[PDB]
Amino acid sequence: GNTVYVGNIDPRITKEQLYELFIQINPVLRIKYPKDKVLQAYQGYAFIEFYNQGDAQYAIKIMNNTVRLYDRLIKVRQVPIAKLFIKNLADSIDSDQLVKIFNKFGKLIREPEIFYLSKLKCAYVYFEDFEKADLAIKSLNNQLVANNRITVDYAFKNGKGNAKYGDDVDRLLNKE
């Protein structure tokens, strides 16, 4: 009730700095900021405990998608994904066929989202793992599916696939 989940923290961010940031928003009781013991790095997320439910709720309203630390937008919720842009789908290509085409390369976190630019049928596909996302790019970029030639690369957030997605590795290791 009084604790909030903070996500998408660049691993160079120290705990002193998390305290310095969140005391601007309300007084802070404690911070749990987990360290991966093997790598001796932080894991991308923290838990910030305020003094009561009200201050926490305030913090979530104010802080959520307001602050960029090392250019990355911080998330704050109560209680790190491989996203690909696919261009030039055939009319035939269901949401289901996308699932079947990308399944074979690795696990998908959610179902695809289809949208249209300009006539130009596109989709977002969401992979659990950047390692698996890479295979799908290599195998399907500039290839023929249902007689249409598609392109496959990482979506814009400026792009997914940056180095600081060792956050992907930490979350896979620690099981989301």
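Numbering starts at 1 and follows the sequence shown.
Going from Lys15 to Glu16, you skip over nothing: the modelled chain follows the deposited sequence without a break. The entry models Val79 and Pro80 with a gap of 10 or more deposited residues left without coordinates.
Remark: stretch with higher mean C-alpha B factor among 139 to 147 and 66 to 74 is 139 to 147. Higher mean CA temperature factor, per the PDB entry, when comparing 158 to 166 with 7 to 15: 158 to 166. For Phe102, the recorded CA B-factor ranks within the middle third of the chain. Only modelled residues enter the ranking. In this PDB entry, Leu39 carries a Cα temperature factor that places it within the highest third of its chain's modelled residues.
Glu131 sits in the highest third of its chain by CA B factor, as recorded in the PDB entry.
The deposited CA B-factor of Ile93 belongs to the highest third of values across its chain.
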